[PDB]
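# Fold and contact review
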Amino acid sequence: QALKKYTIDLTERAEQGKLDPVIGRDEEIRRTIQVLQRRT
Amino acid sequence: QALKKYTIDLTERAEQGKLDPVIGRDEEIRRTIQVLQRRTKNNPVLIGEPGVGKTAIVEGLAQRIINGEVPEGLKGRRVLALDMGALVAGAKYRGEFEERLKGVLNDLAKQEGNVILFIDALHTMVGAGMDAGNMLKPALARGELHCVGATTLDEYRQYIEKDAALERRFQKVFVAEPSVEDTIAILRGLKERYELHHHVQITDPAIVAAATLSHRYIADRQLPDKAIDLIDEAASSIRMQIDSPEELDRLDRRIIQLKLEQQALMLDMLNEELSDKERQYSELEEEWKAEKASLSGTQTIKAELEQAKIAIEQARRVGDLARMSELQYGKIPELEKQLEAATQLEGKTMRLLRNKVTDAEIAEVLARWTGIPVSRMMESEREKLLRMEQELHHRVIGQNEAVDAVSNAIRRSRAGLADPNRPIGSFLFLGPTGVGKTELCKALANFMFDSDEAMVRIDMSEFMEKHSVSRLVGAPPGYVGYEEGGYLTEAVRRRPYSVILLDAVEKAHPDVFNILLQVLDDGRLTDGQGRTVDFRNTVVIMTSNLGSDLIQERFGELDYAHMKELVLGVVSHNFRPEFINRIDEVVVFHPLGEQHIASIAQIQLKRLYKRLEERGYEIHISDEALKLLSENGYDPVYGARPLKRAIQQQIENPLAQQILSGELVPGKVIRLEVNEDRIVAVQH
Amino acid sequence: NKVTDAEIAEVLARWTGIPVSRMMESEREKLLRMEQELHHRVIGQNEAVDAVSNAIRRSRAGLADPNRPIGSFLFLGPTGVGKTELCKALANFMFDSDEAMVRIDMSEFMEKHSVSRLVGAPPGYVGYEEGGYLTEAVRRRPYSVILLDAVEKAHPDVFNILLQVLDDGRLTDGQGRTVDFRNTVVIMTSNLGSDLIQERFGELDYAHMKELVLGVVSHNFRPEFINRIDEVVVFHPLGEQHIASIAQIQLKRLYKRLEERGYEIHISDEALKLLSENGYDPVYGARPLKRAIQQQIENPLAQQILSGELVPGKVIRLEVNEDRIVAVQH
Amino acid sequence: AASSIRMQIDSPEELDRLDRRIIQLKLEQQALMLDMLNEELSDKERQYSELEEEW
Amino acid sequence: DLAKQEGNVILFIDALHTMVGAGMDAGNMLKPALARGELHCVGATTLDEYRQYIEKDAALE
Ligand SMILES: Nc1ncnc2c1ncn2[C@@H]1O[C@H](COP(=O)(O)OP(=O)(O)OP(O)(O)=S)[C@@H](O)[C@H]1O
Ligand SMILES: Nc1ncnc2c1ncn2[C@@H]1O[C@H](COP(=O)(O)OP(=O)(O)OP(O)(O)=S)[C@@H](O)[C@H]1O
Ligand SMILES: Nc1ncnc2c1ncn2[C@@H]1O[C@H](COP(=O)(O)OP(=O)(O)O)[C@@H](O)[C@H]1O
Ligand SMILES: Nc1ncnc2c1ncn2[C@@H]1O[C@H](COP(=O)(O)OP(=O)(O)O)[C@@H](O)[C@H]1O
């Protein structure tokens with residue numbers, strides 16, 4: 001499949017715990033998801 | 001086959017129903033249809049300032065073509081869109097671009113006029129590395145190609161209307177910026193679309209209020225797109241607040257705290273407390289799940305009704321007849337009444353919060369956009385405004401008349417009662433210098449709007465000059481500081497709701513009052529760049545001090561009214577009456593008694609003890625020293641600025657002289673006890 | 001299937017915006033009614049009613065000059081006699097808004113060399129890509145009434161620009177294209193002879209009024225520039241029935257905004273009488289009326305709204321106090 | 001103007017206004033479904049049919 | 001793949017300007033997929049590339 005050919009899963013990396021639990025910015029992530037669950 | 005390679009059928013997508021039944025504009029739709037159905041020059045262009053959805057106007061044209069609302073010369077056409085950038089894939093080699101374009105044109109010649117071309121952003125065809133208009137031009141004079149132009153008026157008169165041939169291949173269709181009620185009707189259609197999409201409910205009076213406040217205040221975007229985006233933003237905000245759950249997270253943190261505590265312990269009763277709080281959390285969570293199941297059932301049965309609408313529109317396009325009757329008479333009224341039964345079931349069961357959006361939520365989103373509370377008179381800020389004078393007299397000693405006047409202005413503002421076409425209030429301030437005119441404006445913006453800073457001071461003793469006026473407006477174009485904007489204006493347009501101080505205008509040249517005439521009649525001002533920025537949602541204030549001699553004479557035992565009248569006659573000697581008639585509202589400040597000096601000094605002690613607790617110091621005072629300072633810091637000409645400098649020269653220097661002598665320990669009781677002429681601090 | 005000249009005039013009107021079409025009967029009724037409507041929303045000043053009625057009649061009948069632009073009017077009157085509001089009522093008739101007008105606020109222009117605000121900047125300076133705002137706003141709305149506000153505050157001979165405008169009204173803009181004014185209307189407002197007006201609106205007719213203030217403004221302007229104007233009309237300081245009518249109109253739009261708030265508000269006519277007693281002065285015209293209305297109505301009214309006395313669905317008779325007005329809830 | 005006249009031929013205006021009238025009366029009758037609105041619908045549809053046949 | 005995963009996958013692309021400058025060279029192939037909604041990707045750059053590429057195509061804006 002063409003998925004694995006040219007993609008990099010970061011969610012696998014945090015799923016395999018490779019990554020950095022940075023603290024904070026939760027309002028900004030919230031406003032991001034506010035954008036993310038729009039229609040336009 | 002480049003049509004397969006580069007273009008996308010809208011009418012496939014509208015055949016798939018993917019787009020908007022866009023309301024209105026119907027004369028312009030028809031006029032588009034007129035210009036299309038000619039024999040030559042078949043390509044009209046769409047024009048305006050953006051955020052009006054001309055894209056969607058082409059979409060609705062295609063949807064009417066699907067529905068056959070067109071004359072009998074377009075039934076069966078092909079409305080296809082193409083980017084100019086779509087053929088800038090490989091722009092190095094020679095003719096490659098042009099070979100793509102000619103292959104497109106030969107495809108369209110082979111399709112023989114049954115295809116209507118759409119182009120968005122027609123100015124993308126202007127300059128592309130001659131290039132592009134020098135191939136379309138024979139088709140576009142000959143009308144064999146069926147282009148549809150849609151672009152922004154700035155790019156129109158910037159790119160095309162300086163290139164004359166491309167101007168004469170096209171005809172203007174000026175879409176207006178829509179009205180209020182047009183916005184309302186389209187937002188009813190969009191209420192439909194969003195409650196189809198965003199899984200929620202919307203209040204339609206909140207929608208028309210949202211449209212009202214969007215058109216009314218924010219001039220940044222334009223109609224109707226700003227209200228569209230606001231409704232989308234509020235819908236998604238409440239949509240995230242569907243899976244917020246705040247009280248569930250409170251209970252979950254509580255039960256996990258009690259679980260950690262019990263696991264640390266292993267009299268107990270903590271097991272019982274954990275069991276009770278977990279039962280509470282489980283009950284709240286189960287109510288949450290029941291609400292989610294209710295909303296999910298409501299949205300699914302709404303989607304099933306929408307698919308029934310899709311099928312009955314398939315019967316409208318195709319033309320089965322008993323299918324229409326069957327789908328209507330079965331599906332519509334029973335699904336509507338059980339959708340309303342689910343709606344009133346939610347109106348029963350929704351506690352953990354909503355799925356509606358109200359105008360309070362609109363004003364929340366608005367303040368998150370604006371920063372300005374028109375989040376309405378909610379009996380906290382409202383009852384602040386009911387105590388607004390008593391708010392001010394934290395810092396406003398005496399002087400109650402202007403306090404009344406200012407609070408009157410604010411009340412006429414934030415209750416929404418003003419004629420908003422003048423500004424919020426024009427003001428002349430009079431009276432003795434060194435009372436807190438600046439304090440008044442600071443406390444105004446403080447307990448009204450932000451703070452003691454959210455303002456613009458403009459000191460008018462600079463402004464003895466014609467070129468001073470040239471500064472504060474903005475320079476004329478074809479001069480130096482054109483490219484930067486005016487002094488006042490861009491600072492206004494960043495902070496749309498401020499209070500502007502024009503202090504001491506009597507030192508300025510009398511020319512300035514013309515600029516104030518345009519403002520204080522109108523609240524709109526035309527800058528260097530020829531454009532106009534609103535004031536009318538701000539507050540403008542001038543100060544003067546001329547007959548403060550006469551005030552210091554006669555405020556002892558004359559009234560307020562004839563005092564006002566006499567000093568306004570003096571102002572008529574000063575200004576033009578043609579300007580002060582444009583002035584709304586004038587006060588007089590009066591000289592204070594020394595009790596007011598003592599009170600302001602108490603306020604200075606308050607902010608001093610604030611500063612020293614910020615240093616860490618717990619300091620009190622003998623008030624005989626306050627009596628001495630009240631004896632010291634006055635003149636009849638300046639008043640309180642002598643008190644401020646005396647506070648400095650007898651407090652801020654020697655107390656720091658002893659702190660940096662290492663005498664003073666934070667936390668000790670430090671009485672500012674008197675001396676013969678000085679103040680001693682103690683270490684207790 | 002026969003194409004007539006009315007078809008062409010409508011296609012032109014919809015294709016540009018200029019109201020070319022032959023005088024249909026709703027429009028002609030509306031023109032007689034707009035004579036009436038400018039009596040309505042402008043109480044007072046029926047000289048101006050006459051003048052601008054004649055202006056738009058010489059427009060829409062299609063008889064006035066295809067050389068000169070259509071009207072040309074240098075208004076004279078003292079403060080607040082409705083001049084700006086006259087032209088806004090013209091637009092709100094004609095364009096169903098106030099925000100379809102060219103309101104070039106003229107008192108910015110106190111030194112000379114901001115003419116480039118209105119023309120554009122000549123090539124090889126800054127504003128060559130942008131124009132000057134008058135020309136752009138004309139060429140987008142080719143039928144639009146242009147107002148030039150309080151015009152004599154400026155440096156005096158800015159209006160060689162307006163010598164072109166009122167002469168032939170092709171306007172050579174910055175870049176070098178033609179800004180044509182033949183379907184438009186230029187209005188100025190000035191308050192020069194206003195002290196003579198309030199001095200001598202009595203003891204003169206309309207004509208010697210016009211004569212003497214024309215002599216004065218001719219001392220102010222240049223004799224070139226007075227020759228270009230169609231009719232130098234004069235305004236008059238208003239009597240107290242006009243004051244009462246203005247008060248009524250302000251009450252109606254006040255009622256409008258508060259019924260948009262959602263409140264049914266009446267008044268004592270004695271309260272109107274108190275307003276009429278508390279709004280008259282010859283020297284200042286209409287604004288002491290309006291701000292007296294503002295204070296002595298709105299501030300107790302907004303106070304009681306922020307009290308929450310005002311329940312909707314109640315007739316709110318603005319009845320008098322001893323000297324003031326209370327709102328009642330019945 | 002030529003294609004404008006062609007579309008005003010190809011539309012028709014008052015015929016489609018009467019068509020809006022008859023479809024509104026059909027909706028109103030089915031919202032009622034004494035009647036006599038059936039008779040009024042038949043009258044307006046006969047009017048529209050005569051106009052359409054003339055068209 | 002954007003068609004296949006049906007919006008269950010939202011990919012991430014930082015350096016949105018590098019999608020703008022990639023040779024439609026990459027961007028306006030995907031302005032369909034973001035406009036149509038097979039992808040809801042997240043941008044990450046500085047204000048200068050915002051004014052340089054994101055503001056400069058107003059459709060991208
Ligand atoms: N009648 C309508 N019904 C539904 N949505 C509409 C309607 N008119 C406009 N819109 C929406 O308004 C949005 C923004 O307007 P646009 O037409 O896209 O702006 P524009 O002026 O065309 O410039 P662009 O390049 O298209 S953003 C559209 O994408 C539509 O979703
Ligand atoms: N006949 C009238 N009908 C309606 N409103 C009027 C009338 N006469 C005066 N007004 C009011 O008077 C004010 C006039 O506003 P403006 O025209 O801007 O003032 P002005 O006429 O420009 O006076 P100056 O000389 O420029 S200060 C408005 O508030 C009008 O409502
Ligand atoms: N809370 C955090 N947890 C883990 N890593 C972090 C955190 N905060 C910052 N970093 C590190 O800081 C670096 C910043 O890089 P990045 O944020 O990707 O650049 P940019 O700020 O341009 O996006 C990252 O490589 C990341 O590993
Ligand atoms: N009403 C008041 N409430 C609180 N403090 C005030 C008040 N009036 C005056 N002050 C004091 O008066 C001084 C006056 O400052 P400023 O406003 O610049 O002078 P003026 O009032 O003469 O323009 C301030 O420094 C402040 O310490």
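Scroll up for the structure.
Structural notes, computed from the coordinates.

### Regarding the overall build of chain E
Check the secondary structure of chain E and you find four helices and zero strands. What you see in chain E, going N to C, is helices and strands ordered as α-α-α-α. With the C-alpha coordinates aligned to their principal axes, the bounding extent of chain E is approximately 35 × 20 × 20 Å. The burial tally for chain E puts 13% of its 61 residues in the buried class.

### Considerations on unusual backbone geometry
Residue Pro224 of chain B is reached from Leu223 of chain B by a cis peptide bond, and omega for that bond is -10°. Within the secondary structure, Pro224 of chain B sits in the loop between α10 (204–216) and α11 (225–242). Here the residue pair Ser11 of chain D and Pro12 of chain D is connected by a cis peptide bond, since its omega of -20° sits within 30 degrees of zero. You can see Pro12 of chain D is positioned in the loop between α1 (2–10) and α2 (13–32). One non-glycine residue, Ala121 of chain B, adopts positive backbone phi at about 55°. Inspection of the secondary structure puts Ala121 of chain B in the loop between β4 (116–120) and α6 (133–142).

### Quick notes on the site of ligand 3
Residue and element names in this part refer to chain A. Looking at ligand 3, the residues that line it are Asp20, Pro21, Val22 and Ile23. One nitrogen or oxygen atom from the side chain of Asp20 is found 2.8 Å from a nitrogen atom belonging to ligand 3. Between ligand 3 and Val22, the relevant distance is 2.6 Å, taken from a nitrogen atom to a main-chain nitrogen or oxygen of the residue. In isolation ligand 3 offers 560 Å² of accessible surface; the protein chains occlude 25% of this area. The residue makeup of the shell around ligand 3, split by class, is three nonpolar, no polar and one charged.

### Observations regarding the site of ligand 4
Residue and element names in this part refer to chain B. Close to ligand 4 lie 15 residues; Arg395, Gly434, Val435, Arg641 and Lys644 are nearest. Between a nitrogen atom of ligand 4 and a main-chain N or O atom of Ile397, the distance comes to 3.0 Å. A distance of 2.9 Å separates an oxygen atom of ligand 4 from a polar backbone atom of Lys437. For the shell around ligand 4, the secondary-structure elements that each account for two or more residues are α19 (437–449) and α28 (640–659). Tallied by class, the residues present in the shell around ligand 4 amount to six nonpolar, four polar and five charged.

### Concerning helix α8 (residues 207–220) of chain C
Residue and element names in this part refer to chain C. In this model α8 runs 20 Å from its N-terminal to its C-terminal C-alpha over 14 residues, within 8% of the 20 Å that 1.5 Å per residue would give. When we look at burial in α8, the residues that qualify are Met209, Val213 and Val217. On an axial view of α8, the arc spanned by its buried residues comes to 50°, and they lie on one face. Among the exposed residues of α8, those pointing more than 90 degrees away from its buried face are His208, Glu211 and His219.

### Things to note about the packing of aromatic side chains
Residue and element names in this part refer to chain B. Under the definition given, this model contains 12 aromatic pairs over all chains. Measuring from ring centre to ring centre gives 5.4 Å for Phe429 and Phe589, while their planes differ by 35°; the resulting arrangement is tilted. Placement of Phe429 in strand β7 (residues 425–429) and of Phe589 in the loop between β13 (585–586) and α26 (594–615) is noted, with a sequence separation of 160 residues between them. The burial state of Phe429 is the same as that of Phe589; both residues are buried.

### Looking at empty space enclosed by the protein
Of the pockets and cavities examined, the largest cavity occupies roughly 280 Å³. Lining of the largest cavity is provided by 15 residues; of these, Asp419 and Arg422 of chain B together with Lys290, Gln294 and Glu298 of chain C occupy positions nearest its centre. Of all the elements in the fold, those that place two or more residues in the lining of the largest cavity are α10 (240–261) and α12 (287–307) of chain C. If one sorts the elements of the lining of the largest cavity by residue count, α12 of chain C sits on top with five residues. Of the residues belonging to the lining of the largest cavity, the class tally is five nonpolar, two polar and eight charged. In this structure, the second largest cavity occupies an estimated 170 Å³ of space. If you go around the second largest cavity, you meet 17 residues; those closest to its centre are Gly434, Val435, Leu592, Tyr634 and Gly639 of chain B. Broken down by element, the lining of the second largest cavity gets its largest block of residues, three residues, from α26 of chain B.

### Comments concerning a nonpolar patch on the surface
Among the surface-exposed residues, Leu36 of chain A together with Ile10, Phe12 and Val42 of chain E lie close enough to one another that they form a single nonpolar patch of about 310 Å² accessible area. The exposure class of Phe12 of chain E is partly exposed, given its relative accessible area of 43%.

### Side note on the pattern of salt bridges
Overall, the coordinates contain 54 salt bridges over all chains when judged by the stated rule. A salt bridge links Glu111 of chain C to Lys466 of chain B; its shortest N-O distance comes to 3.3 Å. Residue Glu111 of chain C is located in the loop between β2 (102–105) and α5 (133–140), and its partner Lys466 of chain B is located in helix α20 (residues 466–473); the two belong to separate chains. A salt bridge links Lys210 of chain C to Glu231 of chain C; its shortest N-O distance comes to 3.7 Å. You can see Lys210 of chain C sitting in helix α8 and its partner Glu231 of chain C sitting in the loop between α9 (223–226) and α10, a full 21 residues away along the chain.

### Considerations on the arrangement of the chains
The interface with the most contacts, out of six pairs of chains in contact, is the one formed by chains B and C. One thing to see here is that chain C and chain E don't touch, and their nearest C-alpha atoms sit 18 Å from each other. Separated in space, chain D and chain E share no contact, their closest pair of C-alpha atoms being 33 Å apart.

### Here we look at the sheet that holds strand β12 (residues 539–543) of chain B
Residue and element names in this part refer to chain B. Spatially, β8-β9-β12-β7-β13 is the arrangement adopted by the five strands of the open sheet, whose pairing is parallel. With one partner strand each, in any of the chains shown, β8 (455–459) and β13 form the two edges of the open sheet. In this sheet, β13 lies alongside β7 in parallel orientation, the contact comprising two bridges. If you follow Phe427 over to β13, its bridge partner there is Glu585. Taken strand by strand, helix α22 (residues 512–522) contacts β7, β9 (499–503) and β12, and its axis lies near 150° from that of β12.

Definitions and limits used
- Residues numbered from 1 in each chain as written, not as in the entry; some residues may be left out.
- Chains lettered and ligands numbered in written order.
- Part of a larger assembly, values for the part shown.
- Heavy atoms only, no water.
- Residues with missing side-chain atoms left out of burial classes, pairs and counts.
- Helix = DSSP H or I, 4+ residues; strand = E, 2+ residues; numbered from the N terminus.
- Buried < 20%, exposed > 50% of the residue type's maximum accessible area, 1.4 Å probe, protein only.
- Near = heavy atom within 4 Å.
- Polar contact = N/O pair within 3.5 Å; in protein donor to acceptor, adjacent residues only side chain to side chain.
- Areas by Shrake-Rupley, 256 points an atom, 1.4 Å probe, with all protein chains shown as cover.
- Nonpolar A, V, L, I, M, F, W, Y, C, P; charged D, E, K, R; others polar.
- Expected span 1.5 Å × (residues − 1).
- Arc of directions from axis to C-beta.
- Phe/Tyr/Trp six-rings, centres within 6.5 Å; stacked < 30°, edge-to-face > 60°.
- 1 Å grid on protein atoms, 1.4 Å probe; cavity = no way out; pocket = protein on both sides within 12 Å on 5 of 7 lines; lining within 4 Å.
- Points joined across faces, edges and corners; volume = space filled by probe spheres on them.
- Patch = residues over 30% accessible without salt bridge, like charges linked within 9 Å, V, L, I, M, F, W, Y side chains within 5 Å.
- Salt bridge = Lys/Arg side-chain N within 4 Å of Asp/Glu carboxyl O.
- Contact = heavy atoms within 4.5 Å.
- Pairing = 2+ DSSP bridges.
- Axes fitted to C-alpha atoms, helices over the stretch in contact; angles between N-to-C directions.

Limitation: the analysis is restricted to geometry and does not speak to function.
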